[PDB]
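For reference, the structure I am asking about is given below.
Chain IDs A, B, C, D, E, F, G, H, I, J, K, L and M follow the sequence of writing; residue 1 opens each chain.
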């Protein structure tokens, strides 16, 4: 539970570094491994003959990526510790450092190395207005700024009731709650269970 | 990633089918938004990354 | 077998637990568990970075290594 | 190795190396290592085995089946003639399955060989595949699991009757 | 089954844990945990049990409205992430009876001491049964409580499966 | 609320037995009584030999003399040919392209 | 310190 | 062709060897996890040679090495596709699995 | 087990109900059979339709994984109510409201996707132009049949 | 606070059950009688479970009664679904057979069946 | 073990984990700055985007209203 | 999407239709219009095994780039200039499509401006 | 690796940080109500403090019985299989 983490930025310096690099790569920080795919993908979608709603939903999801990436870093690494009193924090195993280290090097350079070696199989689109070229970087930045505002408001001495949008997000839209009870119930009672025609 | 890889294998067919392109476009768009919305309030670190 | 630190060093003064105690005193209440939380705001846990400070970890030497690289690249090519 | 006419290939056209860099090609040196450490010892082992095979050389043959009268020449219920005609029809049915497999293998090899130009360059293989499939379908398709020469003939005569009627109306 | 006092205390613990899941930060939790304690102390001396029951009933509806939809759970508590994680490694002690003699030969000292426990169990059993028999009212027990051993040299009735249960981290 | 005196006694007697049992789960010193850089380069040398060299010998022999002797078992995409290339097999010279306008 | 691990018989 | 095809298959065969050794009791249980991790790392190395060959000239091939079953006019062979997608994905999967192991 | 300890036919009289309740280790005021019909429940108790996940997890059950005690009557549909299957636990949001919000979300998304399909985004460009009669031969056009010319002009 | 609406798959919490707080004395008596039955069965089980000399299975009549009742008695079960699927498949296959006869169903490469 | 747990206190750290962590954080920022210096067009735009309103009627072949 | 607001919210009759463009004759308004020149022959693109979608009017630069890459291996940072030349050609090709859309748009507005007056008379 | 003395020290450490208890009168056998004068609401907070300290839950049925430090130490040792 991230609510029982906190204050790990210095206690786990190497895990911290890998966590920050991975979060920046995931959010499409320029020239990290994630940028060499996502950045081209958002430009390809922006400039295609495409469903307009699907395009908008994809950009909002890109913004939301910055938010839950921030949420991990803020609650896991920043602030004061919220874990129990007996501190057994230790990341100094060579198998742990070396395994993460290789993936860290991959997360910095793999996209660049792969991008420049694969042969082109399409005509990449490179002409577009400035607001379609930088859309991914902007909405990602906006998602980070908003994520900070939301996270820092958790410190204020104000207690809030839950909204309906908050409960929807927390319980995953109720899809598991509704479907994983109803559908098993129907099938399982299907067999272990009146028509006069059959009675004859 | 096997699901995506399956469709990549068959791009020579899907690239000539606008109908399938539209279906996978909308299916992916609702998936990317809906699951990113769910991650905004998860507290388990593994479920967030999931 | 294990020596716990002396318990008398855990004090809420100088910590955001002091701020909570002032607000509670305004309503006549008092917090009897404050010293049990005090270790989380003291010692090596006292000053954590901000989010922007966390993202900028390593930027200082990354920049210094960068400035050298592009100064070196100028000299290599200028000649 | 195999009959090049039954399984044709075009003449290979490799381009000669045309380097435009000073760096050594790691593939070139790996090829030398593979030839020395892998191919050479492997070849020696095979050459030893080939010597033993030469000392003991013996043959096997491809069975030749005499043609026998087919089901059209069999009197009704004359089982002795129907049996020989029926066994022959089954043998040809298994041969036609393999003829279609040969043509399908030509089509598949062409598609891989021609790369991104396969739609244009594999037309002849595609057309030949289309024809043999059509002929195979006419002969054998829809006969059912209990197929026989009799049912194959009944299907052909039905097709011939529809073809005669269509020309008659034409 | 639960008394009014027990129901109040269970709500107080439950509300604090859900309050803690909302606040997250310790200073924020400490502040609001004190306000919540104050509300419970506002009616600690209510003597009218009809009013006291209504206060409890209304507090439960208030809790249901304001509970965290995803409250913190200790990892090994029911519904936690580590709950039942080590059940696959827990093996009952009677399996050692079926070990081949060659396997038993690798731990001669452990199996010597094991025989002393089996002997202790055998020689205690008749007393345990007879103690329960003479302490049980005619119509069988009315509760699941078990008695302690009364004499010296006696073991409390029905002790074997409690004393020899698998360790919580058995491997 | 709190343990009754009979509850305290039963808990005490079980904890004493339970702690004695847990102590007896400790192995004695003799248990279990079992029946009867240059290093690094050698370990990785023997591993490469038995797990890379030997299998590649088998696979190459299998491919060279059993798989590639049958039609269409291994099919390469034919090499790309570009203007100005020389074909090894025939010595053919592929002509260059027309003149590019300008840009 | 080493503790005995209770396992089902593996001999058979 | 012979180096490319041979090394494409050793990569896959190399990964099945720790499974063979376990299922036939002929390995050292002391550090089977190290043995498995070493096999992955060597498979990554051998897989980078076919990938390099593809990056160089776009060399692609299909290996249909074993005729398993023929159902009338459907012939089923064990067939491996060493193409753009296989050449690029396998080293990435092996490199990442090497870290995870 | 004997024959008087096994399930029997639906209980007719109060005396049979008392006997049935005793056979099932139930208190007679708690015993209630399924309504008589053709299903074939007999005198088996009708127990509350609740999941085993709802039982107290800290109590010392004889079967902790099932949360059952030895001898207690098993729900008719227990195999459906094991902790691996159907859950009837209370939920922080009312069932009917959960259905409205879930259905509403999916219904809204489907509508908007259809709207987005009817008003697609695109850039202000003309069709991409290809040479050689729109690549007639490369796309597998019949070499012998003549394609209509496709002429593209500069601009 | 909007009231809790129980459902078949979402039951009413005990803390919101009005019967949970309005305990009488004949409800206490019923609770005491339920615990007596549970305790009586707990003792019976434990006297066998703890017996050092027992090796086997403690037969549970409740489990035998459950399986016995569940195995007795040997629209989705009658002719309804069979008729529905018959008309679905008969209709589909009639349409297909008509197209094949008119030469309007594409079977260009269909030679496996 | 090599690291000993502490009660209510910041944990003990090694020099190696801190130095390596700082090295790879600095490497990340060097790589970003270096790439942005050389490939800023990958981020901001490769080619100018024309203003179609500035194209003349002569170069688009738009005849006058009287034709 | 600026043009999208005009078409979906304003008058669609004077906006181009991307699925049916062009609707005016190519030479209309152009006295003497040149054809588009293709540098690479069909055989050259066939032997180079270019992807069909790449066999456009810029294919000669792609062929030059693809040859450079094969020759410069293992130096995967080479051929930057060849890549830019192909990229810049594709940008010029795209700008021409932008001009076609604008030409279609201005011809449609010219059509309306005619129809108004003739309507007025 | 918890030890009996280790559990005892941490249990008493938490109580010495509770402002409602005089740290000099406290002992392993002090009764929270009959010696230290606390009430049942205070005892609930103490159990929650112990749950936080050792990182596991004590169910309300068991928790309400733990009325002195020794009983808490004994409860924790039994749950963690601490015998020395």
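Everything that follows uses one rule, which is that contacts are C-beta pairs under 8 Å (C-beta built on N, C-alpha and C of every residue); 3 or more make two chains touch, one makes a residue touch a chain.
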| Each chain counted as touching subunit H and subunit K at once | A, L
| To reach subunit L from subunit F by way of touching chains, what is the minimum number of steps? | 1
| remark: More contacting C-beta pairs: E-J or A-C? The answer is E-J
| query | Using each chain's Cα centroid, which is most distant from the centroid of subunit D? | reply | M
| message | Can you work out the whole-Å distance between the CA centroids of subunit B and subunit H? | response | 28
| Roughly how many whole angstrom separate the Cα centroids of subunit D and subunit M? | 84
| subunit D to subunit K: how many Å between their CA centres? | 56
| task | Please work out the Cα centroid separation of subunit F and subunit G, and write it as a whole number of Å. | result | 30
| field | Per-residue multi-chain contacts in subunit L, two or more chains | value | 18, 30, 33, 46, 49, 51-52, 56, 66, 70, 73-74, 76, 87-88, 91, 94-95, 98-99, 101-103
| query | Counting only residues that touch at least 2 other chains, which ones in subunit F make the list? | reply | 1, 7, 18, 22, 25, 27, 31, 56, 60, 64, 72, 75-82, 84-85, 94
| said: Two-or-more-chain contact residues of subunit I, please, as numbers and ranges. | reply: 58, 86-88, 91-93, 95, 113, 116-117, 119, 121-122, 124, 137-139, 155
| said: Residue numbers of subunit E touching subunit I in their complex, please. | reply: 64, 67, 69, 78
| message | Which residues of subunit C touch subunit E once you look at their complex with the stated criterion? | response | 15-17, 19-20, 23-24, 27, 29-31, 33-34, 37, 40-41
| task | Write out the stretch or stretches of subunit J touching subunit D in their complex. | result | 107-111, 113
| Touching residues (chain side subunit I, partner subunit A) in the complex | 38, 77, 80, 85-88, 91-93, 95, 98-99, 101-102, 105, 112-113, 115-117, 119-123
| remark: The answer for subunit G against subunit F in the complex is residues 1-4
